[PDB]
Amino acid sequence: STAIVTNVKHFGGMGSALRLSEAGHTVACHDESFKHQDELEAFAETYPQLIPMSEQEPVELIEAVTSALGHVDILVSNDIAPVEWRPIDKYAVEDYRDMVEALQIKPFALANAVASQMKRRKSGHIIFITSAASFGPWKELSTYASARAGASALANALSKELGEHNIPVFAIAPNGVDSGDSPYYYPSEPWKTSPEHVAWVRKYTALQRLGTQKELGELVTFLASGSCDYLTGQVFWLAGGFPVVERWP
């Protein structure tokens, strides 16, 4: 079993890669910083179980992995963009097109690049990492919440055509997952150290804590194992019960 995890330094990247690899997948990793050989080889050295790739674009990346490693069994599309908290009327149309490019077009392109090989052998798994923002409580996140919805609905829709070929498709919609040094989307500073951030979390999530990288990695790996292919199409709300609101004053 060979896996691709994208943007491996951010968001759900490391949880996914590290846990897939503990389980025994062979894990090829994409990141933007891997443009640079200095960065690539420092990651390889830091994590000798993982296989970093330099390729950046979807068709590029799939083919390199296929040639180097024989075929792609598991695709984890771990998509990122910075959130821009503007009122609607202060965006340009181009800003949404960029957001949609990074969050919705991307996972479609990776799924387009890899499907035919997966269909041909009647096996594969496909996992999009999206966001609990999809139909959520926030305001002034309109470009971000909607693009994430497009992505979650894509996974569900793909699940229905790819069933005949024995290929499960899933979407994982997180909130409040600790991201360590990564700014996407809950870095340990400030979320783990600033007393207000710590309090906001305790207020508004049912479990009263951040979720861990391990919990997200454990999920990606459960879905990829083939123990429960029958859940195909599921959007998973990986949000620790967020939001909760307290009883009336």
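Don't overthink the numbering: it's just position in the shown sequence, from 1.
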> Of the two stretches 178 to 186 and 59 to 67, which shows the higher Cα B-factor on average in the entry?
Replying inline: 59 to 67
> Averaged over C-alpha atoms, is the B-factor higher for 81 to 89 or for 165 to 173 in this PDB entry?
Replying inline: 81 to 89
> Whose CA atom has the top B-factor in the entry, of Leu223, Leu216, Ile51, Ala206?
Replying inline: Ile51
>> Quick check on the deposited entry: does the C-alpha B-factor of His125 sit in the lowest, middle or highest third of its chain?
In response: middle
>> Lowest, middle or highest third: which one holds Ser134 when the chain's residues are ordered by CA B-factor from the entry?
In response: highest
